[PDB]
4 protein chains.
Amino acid sequence: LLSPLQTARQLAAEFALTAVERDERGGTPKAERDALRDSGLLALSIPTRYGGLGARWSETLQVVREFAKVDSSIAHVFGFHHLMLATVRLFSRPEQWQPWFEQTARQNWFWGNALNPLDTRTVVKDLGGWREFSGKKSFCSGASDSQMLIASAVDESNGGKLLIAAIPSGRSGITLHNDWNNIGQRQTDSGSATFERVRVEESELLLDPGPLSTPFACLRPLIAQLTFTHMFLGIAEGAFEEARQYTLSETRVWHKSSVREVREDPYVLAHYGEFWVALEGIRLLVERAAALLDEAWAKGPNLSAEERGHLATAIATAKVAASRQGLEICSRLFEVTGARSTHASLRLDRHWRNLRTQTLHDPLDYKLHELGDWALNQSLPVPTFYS
Amino acid sequence: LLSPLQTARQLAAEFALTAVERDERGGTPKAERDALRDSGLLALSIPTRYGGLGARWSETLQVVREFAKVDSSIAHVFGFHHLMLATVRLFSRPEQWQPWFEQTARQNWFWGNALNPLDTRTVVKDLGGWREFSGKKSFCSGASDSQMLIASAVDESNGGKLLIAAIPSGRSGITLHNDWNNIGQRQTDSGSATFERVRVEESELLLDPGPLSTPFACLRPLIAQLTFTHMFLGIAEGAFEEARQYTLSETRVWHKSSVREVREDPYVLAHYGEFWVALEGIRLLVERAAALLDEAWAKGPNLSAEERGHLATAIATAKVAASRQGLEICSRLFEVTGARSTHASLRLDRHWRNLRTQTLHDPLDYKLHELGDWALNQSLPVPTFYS
Amino acid sequence: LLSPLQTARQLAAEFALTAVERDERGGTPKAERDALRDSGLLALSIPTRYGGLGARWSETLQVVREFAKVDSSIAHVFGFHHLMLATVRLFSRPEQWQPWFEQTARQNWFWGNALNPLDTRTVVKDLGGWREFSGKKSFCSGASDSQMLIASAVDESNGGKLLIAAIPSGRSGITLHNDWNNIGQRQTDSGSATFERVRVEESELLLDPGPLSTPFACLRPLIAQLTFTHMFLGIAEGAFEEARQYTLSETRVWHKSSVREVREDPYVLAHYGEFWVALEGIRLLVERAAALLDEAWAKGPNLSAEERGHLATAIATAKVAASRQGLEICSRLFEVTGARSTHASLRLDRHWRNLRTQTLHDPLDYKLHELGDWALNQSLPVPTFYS
Amino acid sequence: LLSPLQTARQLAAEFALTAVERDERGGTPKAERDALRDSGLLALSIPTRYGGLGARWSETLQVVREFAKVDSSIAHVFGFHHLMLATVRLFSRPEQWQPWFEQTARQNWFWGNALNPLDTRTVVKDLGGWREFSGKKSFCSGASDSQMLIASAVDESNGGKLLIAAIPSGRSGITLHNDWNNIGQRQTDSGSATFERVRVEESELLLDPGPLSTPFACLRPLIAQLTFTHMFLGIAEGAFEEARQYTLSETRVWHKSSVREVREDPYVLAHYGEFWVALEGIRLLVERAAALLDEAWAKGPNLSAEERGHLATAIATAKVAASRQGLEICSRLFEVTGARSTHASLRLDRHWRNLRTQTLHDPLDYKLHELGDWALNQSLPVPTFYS
């Protein structure tokens, strides 16, 4: 009876009731993850012909953004779940990903991340009949309480080629440490894992066409980048709305102010006008990138490298704006909420901390470098796991 | 048979050949205004049933933006000509503006500005069957070399009531001074005017419904605001493109740089990335406001105050971004063009000077106040001649 | 025999060993406060004739800054202790403050804050030979584990008159709640207090000359402002130094960088150059204000309103720079320390959180208003408890 | 009867009367240069034992700053005159520079610049008995109407070594084109020169100890950098004062303002407070660098490389602040002077144009790179002609 957005907004309201306490507690948000299981939204990105809801990417990412207004850790593991599904869809054969889609939709499997291209400590050995992953990995966003994992390993042949597999999260030999302890994103379980001779079947390797191959396959890093981008916008929007409520409900006018109510103070209003101009610009850039992703995805394997590159530029443009202007809102909102809004029971700084943490994993200065290469030299970005 | 955009682009390419020397001379760009007369573009906004081209406002404003890339003074008088046509369309009866539209399209009349709501030095006396305007006016953008003028006067009853008329620019008693000397917009003829017992017939007064009446008539200041906004964007786009050509052609690498070519300098590329993110955000905000103007214009007299207010907010948001981020591009581009690009024969500072002058006639701080009133309090802007 | 600066540096090195874990715990830093008692530094500002060290204000504030590099909560309660001593020195008769000074230096009394001019929930009744304070107070910075308190109350005559007293912290009727829970300054004990018929002798009231009387007595809010300002600078300096160590020890180069070492990355170096320019400007502004405070203090009761006003302007100028540029360093340092520096065991965000909390108790926008009144109109600031 | 500063301020008042008209005219300010000749200030930096006034560098640069408030072109050629005297003082033998100092003080010789290390088009040939400079040069600041020139040439031996000479400006073979045509600094005569077999005696070569030799000799580029820096501060201070006068005299309050007078408008006052904080920070950084230059100069040939390096860092820090914050004041002052202040008769943009032009000859991004190398790595700057 409800649309996916309506279902997400209802869930977000329930999440908001415990979000502040859970930011302090950290750990696995098991009750919230089960609420996602029961909602149906783990099948949001899966087409209806496999039992899913058939949303376009722009709708899936809209739900990521909606969760991020209240709970960016939940938004992160939810968005990464659909990124893992995109990974098998783009990197493997229909005989592999179609059953995975059907089982995920039927059983509400939660997919977690164990793919770190910049962590070559996990290696794969070939034992003829099967292969085995062995080593350690970090930044395993949402591996705990998951049913399936996307795991990477290096095959030390001619310098070391990355190999990606989809495997059950409880398979023998996998030890998920859940030592994730960070100032932000405190419920994404982005801790460590140990792989001890973990068996991987040929049928579980994502090889055809595999990573960084066709332009369509090369949408995978762009989906990841735009997932983060929607999170960034959601965090800024949630911070803004929380500040609004506080300004109107609790903030007292400064005794030197010319007005009697905070909501008429000329400096307070100018701050809110600057927040508005920033948010409006981010919103249009993010939504334009999402529409371009919809259009690129619809071309499938016929996607051109040119169209992929223009999408990549549009996403990076949105990400820079969401990162920089978003973090500024999360800091400067304290000037309109005031000295009492720093009470630890409110944890109003959680928006800033979450966004500060997540904007560092892909350095902004090198995003500007890439965008300048387009703006000055008309050079398309080179497809990587970050671009 | 070229489209209006193609026609405007061809003219802009010709204007570009002399724009630098004309920035120096100032005065009236009579040759360029005659090129506009010959082009048909003075009828761009006039519906086809009166002999015009039938463009939507977004298309008319796109031409303003295109002209502003190469010559913001021409962009200004061209945009203001269409604003004058909008003024008679919105404030007077069809018995008045339909003949004016037909004559303008048939004879390529150029319409000029003599409407300043601030300056109240012009007063209107009633002589029975006719009236007379007498006084001084400033900022008469495009009055020189025009066929028709929109002129305002104050009637001295009940503290003053503003009266607006459309009258031929050469009518007895009108003196245009051509004493316009400004650091920017140096070919807009925005000088001074003197009216001495200028006869004004009742059929020339714009009374039904007159200014600041219906939401539809209250589109007039919004068209003005969005005309300036398209000019601001065009100036920044033209400055950006001129900087690109200089960086790639003339600028030398700094002897402390690690790279052989300025094309690859990490700081140069980062600047161009920041210019790109700024321009892309402005572009989407301006084009969104343009689309909302098309949709509101289509409502005609059925337009609601609520839709007018949301359009107003969208335009002001775009105007703030275009003003602030546009001026920043026009200043900071010198860091990527280098010490030789300040040669007086290039007049590369003309973009900054033009934007610096035009961003002052409506103070940004009070636009942010208005936007904060919306963002914080959900208060729609109050219709005025600037909002 | 060490100098006070050397003694403070030694203590700061010891405080640094546990500052991160104490930021987590919160509560009262009893061990560190006892280390202050043993150090002699609680008598730093007390003249030698009373058994103190005889420091100038610039020297006392230098120690506040030194502590703030490693532990801004300790810096806060230490600076506020000396502010309390300044309060009795400036507002009461030598018959009152000379014994308090002698006893403080002999017994290493820690003085705490219970003076909030905003909060008027505490009232004083006159019972003839004595008075009684009853009510609630908030923001009681350093009241816990103190020997003496500076407490204010309102007398309900002629719309309210503020009364200030110095009283022992354990006097019957005083309850300190230790309910202080804030995102920053987590060991300043700035919780709540309750007074119930707290007896106050006439000899404990600070009436002659009392607050906001002579220009010399009006140094009290300026000492408070410059104490915060030295804390703001110290926080930014400590954050900068902690970032340096991380950049050089732990941060890895981005795989798109041209350089092998983060030490040589052009964007990293540019960030550190911008941090340097900011810190150097703040440092000179703060030290100039400190020198002007020494010179004004030396005038004693002969201080003129004009010299007080110029000092006020100098302090506010330093405070704006330290607040704004300091918070920027504390945020932007994460771009040069990288994605691994957000580990919760490092609490590298503690500098930003501490500065973000403390910069709100006196709104920056109205400090800029005051400074513009000087810069434009040559109007001296009006003495208040914040200016 | 007047001190040099008083004499300069009196001259500055006379210069201010024609400054706006001369910014338009360009060319050589011959009347103003003769006024400098008659003032005695061309001997300001020459010790009294040679007939000069014996000012310290901080006083000479204070006069540069004072001229720059009203006329940055005059400030530039005046400052470069004393830089040329410093060049012979630091690079040549007492038997060379002592007579040059005596003759300059006795005859008020004006020294001009023809030294461009980045213009290797002028070469020197050795004819045994004498040498000859031949080729072209650009950026010859103030060579016109000068008595002496500092000229450079490359000796094409082992790659090309730079050779510096002091020679009469009217010597046979020198053709000063005076084609200087720039958007700012329009009266510095920084045009071109042609050298046609210009004879140079051994006694005119600056060889012992020559350029970039001892730390003391290496003060020459630092004097140049700090001369520009004092100019930058002076320009910002003059722009600020001119804006003040306009705000208080001519600016009208915006019709949406809450106040009746511009000087009480809260946004206007906040702008002026930001100008104040910026100017105060620049002032202290510039004055601190000037004091350090005084102290370094006084050490003479005993100056250590360490003390030179710390001076270089202090100057670069001041220059970055003066450049960036100065240019921001020159742009943002238009928001408090308003729409009528762009009148071309006022040329209020001349401050921005002058500072925009002069901040480009040493790129700010690479200054930040150098300062970061100090801040992060504690690496002293490497002496060059720009550092």
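Residues numbered from 1 in each chain as written, not as in the entry; some residues may be left out. Chains lettered and ligands numbered in written order. Heavy atoms only, no water. Residues with missing side-chain atoms left out of burial classes, pairs and counts.

As documented in the archive entry, the model was determined using X-ray crystallography at 1.685 Å resolution.

Asker: Describe the overall build of chain A, naming the residues involved and giving the relevant values.
Answerer: The number of helices and strands found in chain A is 11 helices and 7 strands. The globule rule puts the C-alpha radius of gyration for 387 residues at 21 Å, and the 22 Å found for chain A is close to it. Projected onto its principal axes, the C-alpha coordinates of chain A cover approximately 80 × 50 × 45 Å. (Helix = DSSP H or I, 4+ residues; strand = E, 2+ residues; numbered from the N terminus. Rg over C-alpha atoms; globule rule 2.2 N^0.38 Å.)

Asker: Any details on the relation of the copies chain A and chain B? Residues and values, ideally.
Answerer: Mapping chain A onto chain B calls for a screw motion: a turn of 180° about the axis and a shift of 0.0 Å along it, with 0.2 Å RMSD after fitting. The relationship between the two copies is best expressed as a two-fold rotation axis. Minimal C-alpha separation from the rotation axis in chain A is found for A:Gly281, amounting to 2.7 Å. Of the interface residues in chain A, 100% have counterparts in chain B that sit at the interface too, so the contact is made through matching surfaces. (Least-squares fit on C-alpha atoms. Contact = heavy atoms within 4.5 Å.)

Asker: Any details on the relation of the copies chain A and chain C? Residues and values, ideally.
Answerer: In screw terms, the move from chain A to chain C is a rotation of 180° and a rise of 0.0 Å along the axis, fitting with an RMSD of 0.2 Å. In this assembly, 95% of the residues forming the interface of chain A have copies in chain C that are likewise at the interface, indicating an isologous arrangement.

Asker: Tell me about the domain arrangement of chain A, residues and numbers included.
Answerer: Residues and elements named next belong to chain A. Each assigned domain of chain A is listed here: domain 1 (1-110), domain 2 (111-208) and domain 3 (209-387). A separation of 21 Å is found between the C-alpha centroids of domain 1 and domain 2. Carbon and sulfur atoms supply 51% of the area that domain 1 and domain 2 bury against each other, a total of about 2500 Å² over both sides. For the interface between domain 1 and domain 2, the tally reads 3 salt bridges. With its nearest N and O atoms 2.8 Å apart, the salt bridge here joins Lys 30 to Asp 145. Summed over the shared surface of domain 1 and domain 2, the result is 23 residue pairs in polar contact. Those elements giving two or more residues to the side of domain 1 that touches domain 2 turn out to be α1 (4-25), α2 (30-39), α4 (72-91) and α5 (94-107). Residue composition of the side of domain 1 that touches domain 2, by class: 10 nonpolar, 12 polar and 8 charged. (Domains from an automatic or database assignment. Buried area = accessible area lost by both parts, 1.4 Å probe. Salt bridge = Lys/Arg side-chain N within 4 Å of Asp/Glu carboxyl O. Polar contact = N/O pair within 3.5 Å; in protein donor to acceptor, adjacent residues only side chain to side chain. Nonpolar A, V, L, I, M, F, W, Y, C, P; charged D, E, K, R; others polar.)

Asker: How would you explain the environment of C:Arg347 if you had to name every residue and give the values?
Answerer: Residues and elements named next belong to chain C. Position of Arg 347 relative to the elements: it lies in the loop between α9 (334-337) and α10 (350-358). Spatially, the C-alpha atom of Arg 347 lies 35 Å from that of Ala 312, the residues being 35 residues apart in sequence. Not counting residues up to four positions away in its chain, the partners in contact with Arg 347 are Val 20, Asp 23, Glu 24 and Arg 353. A polar contact of 2.5 Å, which involves the side chain of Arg 347, links it to the side chain of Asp 23.

Asker: Lay out the interface of chain A and chain B with the relevant residues and their values.
Answerer: Taken together, the 34 residues of chain A in the interface contact 34 residues of chain B. Taking both sides of the interface into account, the surface hidden between chain A and chain B amounts to around 2900 Å²; carbon and sulfur atoms contribute 68%. At the junction of chain A and chain B, the tally comes to 4 salt bridges. Where B:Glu274 meets A:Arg324, a salt bridge forms, and the shortest distance between an N and an O atom there is 2.8 Å. Taken together, the connections running from chain A to chain B amount to 13 residue pairs in polar contact. Contributions of two or more residues to the side of chain A that touches chain B are made by α6 (219-249), α7 (266-299), α8 (305-332) and α11 (364-377) of chain A. Grouping the amino acids of the side of chain A that touches chain B by side-chain chemistry returns 18 nonpolar, 9 polar and 7 charged.

Asker: Can you break down unusual backbone geometry residue by residue, with the values?
Answerer: Put simply, A:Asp208 and A:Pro209 share a cis peptide bond, and its omega is 5°. Note that A:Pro209 resides in the loop between β7 (193-200) and α6. Phi is positive for B:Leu212, which is not a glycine, with a value near 45°. Looking at where B:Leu212 falls in the secondary structure, it is placed in the loop between β7 (193-201) and α6 (219-249).

Asker: Let's hear about the interface of chain A and chain C: which residues, and what values?
Answerer: Interfaces are frequently sized by the accessible area removed from exposure as the parts join. With 39 residues of chain A at the interface, the matching set in chain C holds 38 residues. Mapped by element, the contributors of at least two residues to the side of chain A that touches chain C are α7, α8, α9 (334-337), α10 (350-358) and α11 of chain A. Here the side of chain A that touches chain C is composed, by residue class, of 15 nonpolar, 14 polar and 10 charged.

Asker: How would you sum up the nonpolar core? Please name residues and give values.
Answerer: A:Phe67, B:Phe67, C:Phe67 and D:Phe67 are the most contacted members of the largest nonpolar core, which has 433 residues in total. Every residue in contact with B:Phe67, bar those within four places of it in the chain, is listed here: B:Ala8, B:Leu11, B:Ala12, B:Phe15, B:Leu36, B:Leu41, B:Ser72, B:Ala75 and B:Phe78. (Core = buried A, V, L, I, M, F, W, Y, C linked by side-chain atoms within 4.5 Å. Buried < 20%, exposed > 50% of the residue type's maximum accessible area, 1.4 Å probe, protein only.)

Asker: Break down the pattern of salt bridges for me, with residues and values.
Answerer: Scanning the model with the defined rule gives 142 salt bridges over all chains in all. Between B:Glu307 and B:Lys299 there is a salt bridge, and its shortest N-O distance comes to 3.0 Å. Among the ionic pairs, D:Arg353 bridges to D:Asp349, the shortest N-O distance being 2.9 Å. Where salt bridges share partners, they join A:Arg65, A:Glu237, A:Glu280, A:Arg283, A:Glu287 and B:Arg288 into one cluster.

Asker: Summarise the side chain of A:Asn354; cite the residues concerned and give the values.
Answerer: When you line up the elements, A:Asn354 lands in helix α10. The residues touching A:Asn354, leaving out its near neighbours within four places in the chain, are A:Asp23, A:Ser72, A:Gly184, A:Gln185 and A:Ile235.

Asker: Give a description of the packing of α6(B) against helix α10 (residues 350-358) of chain B that names residues and reports values.
Answerer: All names here are of chain B. Where α6 meets α10, the axes come as close as 9 Å, and the angle between the chain directions of the two elements is 165°. When the axis of α6 is compared with that of α10, the two are roughly antiparallel. Judged by the sense of rotation from one axis to the other, the crossing of α6 with α10 is left-handed. Facing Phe 228, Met 231, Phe 232, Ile 235, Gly 238, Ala 239 and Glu 242 of α6, the residues of α10 in contact are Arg 350, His 351, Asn 354, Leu 355 and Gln 358. (Axes fitted to C-alpha atoms, helices over the stretch in contact; angles between N-to-C directions. Parallel < 35°, antiparallel > 145°, perpendicular 65-115°, else oblique. Left-handed = near helix turned anticlockwise from the far one by under 90°.)

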